[PDB]
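1. no FASTA, just this:
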């Protein structure tokens, strides 16, 4: 049961460099608002290329051969990450309340889900710390060859605003586990929890400069990170347009490694032989979790004809019960979106869906005078041609298309440039495996949705990202392989 | 013809130390083909001496390239494919295996296993450990040494390959002791091993009798590993001998009574066909025989009716004849034991449905016998038969039938038939079996590992699991000046 | 004080079925601390019943999350760190281990092993196989079941952790049988296990005597695995019992006579210090003792001269005293055997250099004895001593000394000292030892696996190698409609 | 012993699409010359964006779910690759003669080193075919999660000219092993062996469209491949500038995966306690193998103060004996370079080194009236500031710098933006491991050089490439991970 708490005091608003808090060299500060009330919470230091460089220099110094972080035992890095997780669990109340106040997130999920996944992921990576290993290779000839999975180096990391803490942890878990030093750039919407976790990183005992944080804007600080020459990798999570921009900036400068996590118009096929109650509930959760501001949101609910009507009749009823109010309230089940821009975008896309001809089965429009709230919306009889059926809405808008044959739905779901996720709802053994094989998605769920843990990898296929995270897969993308071959007197099998 | 009936050591053929020769009989007509030298303690000792000379540091084999070992294995597989017809006919005659089963399933499987183990030769790898302190630690996979391999008669060639291919791919020297019933295929494969280009002494064969030759291999001090694939009593006797001498590594693959759990949602045609095959494949002398074919009540009477019908179409005849789908058994002892088990099942009240007795005084052929209404205290459902005998038991609840299938000391394999994702996953995890099939049975391939959960097995095969069994892990730690991530 | 001296079953303390209690003696003064219940066949049976109830499908432990299992193990490690002082003092008193060795090396190593095995809980994974045909095949790592663990006295806590941490991380229920000499630490750790929050029946302890309790564990039908870490005779007696009952899995870690090969190019100071430590660490009762410390001729007389000098500075006294670098032995039998071995070495002509006899009638203390000019037929170089006895042998050629070091039935570990890359790699790859150190000795860590190459062990530990030992592999093949790459 | 060669007949000069030979839709044909004699060998069809597109269409069709290549067993793909290797071993004579005639490569190394490496790599990948495996993940909650390492899709591949056959095999080994369909674009200098191997691919029995080959130019066909939207990955090997261009073209469109293998300026540190004969011989081989046209060429030979003068004295002697004639002639040890462009570039860089002040101790000028021949050149007293000490020469020009302390040499070797390789020559156990750890290179050799086998991975750290090849590592690059999660009734440990 979450303790309500209902209070905060944001004493951390600076740039975290060299285990120290510095104002931006420019001196500017930008405001961070509260989505529920639109009131400024505080003024966070505004970093830019100069501050990004001042942070990358410290990171590079921390990564020098002979520095504590390099001569640190892998088990010691794991122990430091575990102590950070313990410190976060100690401050789970404050961090959850900050996430709900500043990210507009429901406090119940901010405490029970997001903070929980944060500690779980931090502990998973702390465990992996001293278990990533190389291989001794059976090379031909009298040679002894092995591989070192060394840290890549300086890894700039660009966090989104939808899951500030969870994504911060997803980034600085594998990176610090594998021995790298990072310069994180958090979203301007949600820069506060990252700074508190930065203070916690200092407290846990990480060497100075191992983790630095630069709050700012994407064009100024994110672009500086992605174009920096002294940065060895960039790991960006966000929109596909900024993903292409990050890839470009990396390719132009110092040919760094790039790891993009982009959006997706994920489908949710619901076959005739599906558990209608479970299918309906999980479709609702998939498309409406976190005000639809989830990269894996089920934005294309395919339903077979034989069960279409029922499904709609049961989806609307599920979307009509969705309480919507102040996040710090137990009865509230939907909160404000993030800020004005996404709120307006969701409203505009709702209007576009209405115009195109998609049956508005649930109320599409604002709720309340104060805050960026949108009514849970449902569209029926949607077709693949409509904008709402092709563009990532990132809002609480549910599309419901109808199909007849299975191969038709396979083609329709694979007929897109997004490949982040997909869902299949059936009781059969053949349909499940067939559709899971045929669906071009980096994570196919069967009879569930939104099921992510630190263990299994997460990523996209076509344009929904590059590489994977969350596991051995996620860790091998934060290491550079070095083959060391030694000429030896004689080799025996 | 059989031009190889001797002891294969140092790439050369030798007669037994005693000079004794035992006969090999074709069960289809019991006309002995040739006399094969009887391996005894002295023959085992000299074969092991040859192998240990071949494994010595600096020898051609130890200094050979793992890629070159795989290339040698691929050469051996291609030569075996060249003479596929001869080996197929010789296996079918010696063991009675149906010619279609001996050619399209046995030799193809041997080739696939050899070409898989050949592929794994230079890809098996050790690991570099991030140890604590200023040390550089790494581990390496080394061949263990001499591998005494005991290959009973149900699958002579396939088991010989399952035994050597992993061993010759991991870089071990094999002293294979075949079955007295079917020793000829191993000898011909040894001749093909010589043709392929293996260094002398890498592969040695010592045909004989298990009580004398196999026991000698299992007790030998210089045999690093013993790998037996056969009866559980013999596996118990090999394990106790292995511990007493050398604390040698032991890998025992024993047969088992394996359930096939059929549910109402299962496709009845596929379920019937696969339950038929999983028990009558290779005339029942299969370590994976589906001996406890459970069925749901709702289709119980509908299953047997169809199942029995299939048993009535199972043509019984000489293996080389076309249109025949079954052959004779391996010898007279198995014939007598099969008839004894059938009589015991009749006595204990197992309702016979079809067949149920011997046939064809010419040979060791047995009619496909289908029982019914079998229970869990009968000795035809708990005693391993190794014969074409089906036991169509019954159940009503899923947890109780799971406890039934797991109510046994035998866990080599299990089967499940269900059109429901939830049921399939629940049953496969629940059953205590090394291989749990779903909607199919006996789908064995070189990639998927093979072992047994209970007394039925020890260790794994056929994959990256079957290649860490033939190797030792040697850890090397070096004190370095200063370690960096 | 010792508030835990009973049998730990179902998270509760029980007295023995017979009611008998055996004594535990501190070797430093031989004043018995407390009486510990004697585990017998009935106590082993009830502990195994508790464990098998804890391992049942649907139980809290089986349905627990692997990540949650790791979290439980981390809680256990943190609690053990909370009471580090109590456990360190209790280990030092009960076993005589030096307090510095008991605190800064024993408890720290226990914590590191627990926090490594905790990390491996949810990262061990099975694999999806590209099988042939229209089938989907995958494999999974299932805990094997009940793990009867026999933990002799040289490293009670470190070995108990090396035994359970892997088991509780792979999801197995442990019935640990400690050493009669040092059973108290296991009981206190079981109390801390209760405090941590393990489900009842996951961990059970049955202190007693090996001939009665350990044999009962090794012969029990429901014990899936037996893991013994001690003398080779007992290892052989456990292996033969293991095969006879249940065909249970056997993991034996036995001590060995391990060489330390010192060459002229080696740094003489480091070589002397590490040869000293590798044999006199923990007063010689170390399974890895560097018992065959070879030396090159060019520095031979220069090595002993310095080596002996170090032995003369080795302070001998009560473990809890500061400035002491050695403690007493484990009991009177080891004392008598150490003196017998010293007398035999003197009789056979091993040139004594320093010490060479008992000391301190108060306790079981022994002077550090350094022999010299030892050879390969003497019984102080081929018989495992488990005492502070060094055997400074000699060699001239590299191949012959390699054959010497490999001239033995014991291969647990080996050592090499050389400032030459080529020599280091050549010797490391040449030796038939499962852990070859270079320029160092006894650098053991939870990451690097540990095992024996010969009769000095079987299986591996401490790493992914030591976590596939506590698990089975279950293949699961599903017939699918159409497979695509 | 190379089997003596016979006169050639180049009967394969077209575009290989759908297991068929088609002229370029434009109809143009470009000439391929013989570097030793500058005579045109034949006119190879000139592909462009249109031919690349009509090849990618066939590749995509071959990759469709339900096509033979998709329903092919992994063991069957390995069997087909093994049959291709058998065919190449059968035609080893012709292929080696073609490689030597068209690539200017010595026939002895073309037959013993290059063709042997090709068959070994093809057989290694054919072995891996059905052994690349996913993982069943221990996900939290009652879920059954596993992973499929599916083929990425269409993989455009751009081969260089220095190792035509070896690089063609390095590309189409892991790709076809993991189940992908490829559109290879070979260098215009060396397009002939690729086309013969294409005919061999057809003969072995690969399904139509699985492998297609488009001979053309980098700006026209290579850029088309790297900018195609229907292509899922691009794997380019060549210069760093074109690597940046490939990364850009991938980032601008399709957000495809990119694998670059670029050049390097690799150091070869020779310490005082080194086996001077072996060190000198291997330095010569490293810098002069394949007329210096090796990506891993030892272009910076660091020598310690104590053994410098002697090292120069014997390096000059070793380089003075390097017989230099027509490749097909036995006893020749150096041949023509590739074509006029690289010949002129090497001459210009030699002149720049002369002007800067590096002492020319051997060679340093053209050779022969016919053919692109350069005398083995040796520079001494080089400094890190000179152009020859910073720019990849790619010719038979040897640089020899002097150092005193090991720290100095570590920094100097790590003072470049290239990270492809490095070499260390010492007898000690501490120096070897220390320098191998400290040197920022994707392949450190100790007391040897140029030691590459199919097993161990190959790649570069900073700007010498992205990712790795040649082993399980190469395979991870060529597969997309798909996590399939199924909600189950109950899960047990």
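-> Now that the structure is in, tell me what you want to look at. Residues are numbered from 1 along each chain as shown, chains lettered A, B, ... in the order given.

2. what does the stretch 1-150 of chain A put close to chain B?
-> Applying CB under 8 Å from any CB of the partner chain, we find that the stretch 1-150 of chain A lies next to chain B at A:65-66, A:69-75, A:77, A:130-138, A:140-141, A:146-148, A:150. The C-beta positions use only the backbone N, C-alpha and C, and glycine is treated the same way.

3. what residues does chain A put near chain C?
-> Chain A comes close to chain C at residues A:75, A:78-79, A:82, A:120, A:123-124, A:126-131, A:144, A:429-430, A:433-434, A:437-438, A:453-455, A:472, A:486, A:488-492, as judged by CB under 8 Å from any CB.

4. now, which of these lie within strands?
-> When the residues of chain A next to chain C are checked against strands (DSSP state E), the matches are A:144, A:486.

5. Got a PyMOL select line for the buried ones in the residues of chain A next to chain C?
-> This is how PyMOL selects the buried members of these, with burial counted by 16 or more other CB atoms under 10 Å in any protein chain shown:
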select buried, chain A and resi 75+78+79+82+120+123+124+126+127+128+129+130+131+144+429+430+433+434+437+438+453+454+455+472+486+488+491+492
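
6. give me the subset of the residues of chain A next to chain C touching chain D.
-> A:120, A:437, A:438, A:453, A:455, A:472, A:486.

7. Ignoring the adjacent residues along the chain, who's closest to the last one?
-> If you skip the residues right next to it in sequence, residue A:486 has residue D:446 as its closest partner in space, 4.1 Å away by CB to CB, 6 or more residues apart in numbering or on different chains.

8. what residues are up against the one you found?
-> A:484, A:485, A:486, A:487, C:421, D:423, D:424, D:425, D:426, D:432, D:436 (CB atoms under 8 Å, 6 or more residues apart in numbering or on different chains).

9. got the contact list for residue A:416?
-> Going by CB under 8 Å, 6+ apart, residue A:416 touches A:265, A:390, A:462.

10. Pretty sure it sits in a helix.
-> No - counting by DSSP: H, G, I helix; E, B strand; the rest coil, residue A:416 is located in no helix; its state is coil.

11. Ramachandran angles for it?
-> In terms of degrees, to the nearest 10, the main-chain angles of residue A:416 are phi -170, psi 170.

12. Next step: the residues of the stretch 1-150 of chain A next to chain B restricted to strands.
-> Among the residues of the stretch 1-150 of chain A next to chain B, the members falling in strands are A:136, A:137, A:146, A:147, A:148, A:150 (criterion: DSSP E).

13. and which of those is nearest chain D?
-> Comparing these against chain D with CB to the nearest CB places residue A:137 closest, at 4.4 Å.

14. Go ahead and confirm the closest one touches residue D:472.
-> No - between residue A:137 and residue D:472 there is no contact under CB atoms under 8 Å: 9.5 Å.

15. so what's the closest residue to chain C within the stretch 1-150 of chain A up against?
-> Of all residues in the stretch 1-150 of chain A, the one sitting closest to chain C is residue A:127 (3.1 Å; CB to the nearest CB). By CB under 8 Å, 6+ apart, residue A:127 lies in contact with A:78, C:70, C:118, C:119, C:120, C:121, C:122, C:123.

16. next one: residue A:201
-> A:16, A:84, A:210, A:211.

17. farthest pair in those?
-> A:16 and A:84 (13.7 Å; CB to CB).

18. State the number of residues packed around the residue of the stretch 151-300 of chain A found nearest chain C.
-> As assessed by CB to the nearest CB, chain C sits closest to residue A:177 within the stretch 151-300 of chain A, at 10.5 Å. Neighbours of residue A:177 under the rule other CB atoms under 10 Å in any protein chain shown: 28.

19. Pull the number of nearby residues for the residue lying closest to it once chain neighbours are set aside.
-> What sits nearest to residue A:177 in space, not counting adjacent residues and going by CB to CB, 6+ apart, is residue A:125, at 4.2 Å. Residue A:125 sits with 30 neighbouring residues when counted by other CB under 10 Å.

20. Isn't residue A:125 up against residue A:174?
-> Yes - between residue A:125 and residue A:174 there is a contact under CB under 8 Å: 5.7 Å.

21. what's the overlap in contacts for the two?
-> With CB under 8 Å, 6+ apart, residue A:125 and residue A:174 have common neighbours residue A:475.

22. Give me the domain ranges for chain A.
-> Following curated CATH domains, one finds the domains of chain A at A:15-263+A:461-482, A:266-446.

23. list the contacts for the residue nearest the centre of chain A?
-> What sits nearest the mean C-alpha location of chain A, by CA atoms, centre = their mean, is residue A:167, with 4.7 Å. Residues counted as contacts of residue A:167 (CB under 8 Å, 6+ apart) are A:159, A:160, A:237.

24. Residue A:250 too?
-> Contacts of residue A:250 (CB under 8 Å, 6+ apart): A:226, A:227, A:234, A:256, A:257, A:258, D:247, D:251.

25. Leaving out chain neighbours, which residue sits closest to residue A:473?
-> Among residues not flanking residue A:473 along the chain, residue A:457 sits closest, at 3.9 Å (CB to CB, 6+ apart).

26. List the contacts of the one you found.
-> Neighbouring residues of residue A:457 by CB under 8 Å, 6+ apart: A:442, A:468, A:469, A:470, A:471, A:472, A:473, A:474, D:147, D:481, D:483.

27. now do 10 Å
-> Residues near residue A:457 by CB atoms under 10 Å, 6 or more residues apart in numbering or on different chains: A:442-443, A:467-475, A:477, D:135, D:137, D:145, D:147, D:481-483.

28. the strands in the stretch 251-400 of chain A, which residues?
-> All strands of the stretch 251-400 of chain A, identified by DSSP state E, counting those that start in this stretch, fall at A:257-261, A:266-270, A:298-304, A:359-360, A:377-382, A:397-403.

29. Let me have the ones you listed in a markdown table, extended by mean neighbour count.
-> Formatted as a markdown table, the strands of the stretch 251-400 of chain A follow (neighbours: other CB atoms under 10 Å in any protein chain shown):
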| stretch | mean neighbour count |
| --- | --- |
| strand A:257-261 | 24 |
| strand A:266-270 | 28 |
| strand A:298-304 | 27 |
| strand A:359-360 | 14 |
| strand A:377-382 | 24 |
| strand A:397-403 | 25 |
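
30. could those strands be laid out in CSV, adding distance to chain B?
-> Output for these, formatted as CSV (distance: least, CB to the nearest CB, whole Å):
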stretch, distance to chain B
strand A:257-261, 17
strand A:266-270, 14
strand A:298-304, 17
strand A:359-360, 32
strand A:377-382, 28
strand A:397-403, 21
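
31. picking up where we left off before, which residues are in contact with both of residue A:16 and residue A:84?
-> A:197, A:201, A:202, A:211.

32. From those, which land in helices?
-> Among the shared contacts of residue A:16 and residue A:84, DSSP state H puts A:197, A:201, A:202 in helices.

33. what kind of secondary structure is the closest residue to the first one other than its chain neighbours in?
-> The shortest distance from residue A:197 to any residue other than its chain neighbours is 6.3 Å, reached at residue A:168 (CB to CB, 6+ apart). Using three-state DSSP, the three-state assignment for residue A:168 comes out as helix.

34. and residue A:168, what does it touch?
-> Neighbours of residue A:168 in contact, by CB under 10 Å, 6+ apart: A:118, A:121, A:157, A:159-160, A:184, A:186, A:190, A:193-194, A:197-198, A:213.

35. Name only those of the residues you listed that count as buried.
-> For the contacts of residue A:168, a neighbour count by 16+ other CB under 10 Å gives the buried set as A:118, A:121, A:157, A:159-160, A:184, A:186, A:190, A:193-194, A:197-198, A:213.

36. Within range of chain B, give me the residues from the stretch 151-300 of chain A.
-> By CB under 10 Å from any CB of the partner chain, the residues of the stretch 151-300 of chain A that approach chain B are A:151, A:178, A:179, A:180, A:273, A:275.

37. need the contact list for the second one.
-> The neighbours of residue A:178, taking CB under 10 Å, 6+ apart as the test, are A:74, A:77, A:125, A:128-129, A:132, A:149-152, A:155, A:474-480, B:485.
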